[PDB]
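Here we start with a single chain on its own, the form deposited in one PDB entry, put down as structure tokens.
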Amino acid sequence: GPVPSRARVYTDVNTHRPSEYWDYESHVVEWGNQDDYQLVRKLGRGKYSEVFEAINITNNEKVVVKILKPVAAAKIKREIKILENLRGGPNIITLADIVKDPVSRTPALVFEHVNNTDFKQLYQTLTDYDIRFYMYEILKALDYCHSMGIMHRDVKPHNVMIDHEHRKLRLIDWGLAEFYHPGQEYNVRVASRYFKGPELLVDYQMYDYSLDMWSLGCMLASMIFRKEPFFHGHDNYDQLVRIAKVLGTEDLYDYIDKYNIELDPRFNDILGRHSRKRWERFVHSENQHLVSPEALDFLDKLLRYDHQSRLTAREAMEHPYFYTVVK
């Protein structure tokens, strides 16, 4: 059957931490006071929760409250433990409190507020310099969480908060985040369609931190080529075909042969035969100001089928693409 895989970095971080670190089920939640927070307005509703802008009346500061739906109320300890483990880390959203919502009777997570008043799609209107600057800021968060034995598993623009006025970035929504344990088989139903790595699409469960680096490459490709999303799958099956139309089918077949993966036979009639396209195929007069040989080389090194071949967050921070960014 499938060949095993393990991360090439931070492989054993959880084995050398005390069990209290990663055994989230044993964690005892310290509950705050729901009365400290006054809900102001609804910001959005997901499949398992709703988010509100709120005021912490003990300091008159804005906060964001995520109220869990009764269905998710049970599996909150994983997210809580990860948020507490990562608290204070570079560009990681701060969990300010955990309270029981008086209406839903479910857990409510209280987060640091980031000014989210930059309307439109700042995501598709940044300058070349600002793309590099913010990409480096995301990498500080990803190297931190990966160094802390945690995979985010939902890297996408909707989970990157930017206060453009103060050039502040936070990586949010650790609701799909997991502890990495070598040899552990994980659920492939993670990340959002357009940002799903090939490992998820071919049903390879023994993945690791490198899944976040594929998602990151999808964001970079979308920004530098002004193509939102870069890999525009109609469903999870077509998502792999869209990738194959860019990266080619040969490397895809080499990847599945290397890990002894059994490709879903539904792929036989839709994958076809494609050769790798050179990255300049995506360059045109409207995106040429964001494209550089450094950007293309960096992107090439993130968007690889083989999860063990992609740059790690630390290798990515060493890339020449970031030499122009003030440190």
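Position 1 is the first residue in the sequence shown; the rest follow in order. Only the largest set of C-alpha atoms that superpose within 1.5 Å between the two forms is called the rigid core.
If you look for the form deposited in another entry, you will not find it shown, but the lines that follow are about it.
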**Prompt:** When the rigid core of both forms is overlaid, which of 158, 75, 189, 168 is the one whose C-alpha moves 2 angstroms or more between the shown form and the other one?
**Reply:** 75
**Message:** Aligned on the rigid core, do the two forms place the Cα of residue 118 2 Å or more apart, comparing between the shown form and the other one?
**Reply:** yes
**Message:** Comparing against this form, do residue 73 and residue 52 have their CA atoms pulled together or pushed apart in the other form? The difference is 3 Å or more.
**Reply:** farther
**Message:** At a change of 3 Å or more, would you call the C-alpha separation of residue 72 and residue 67 in the other form closer or farther than in the form supplied?
**Reply:** farther
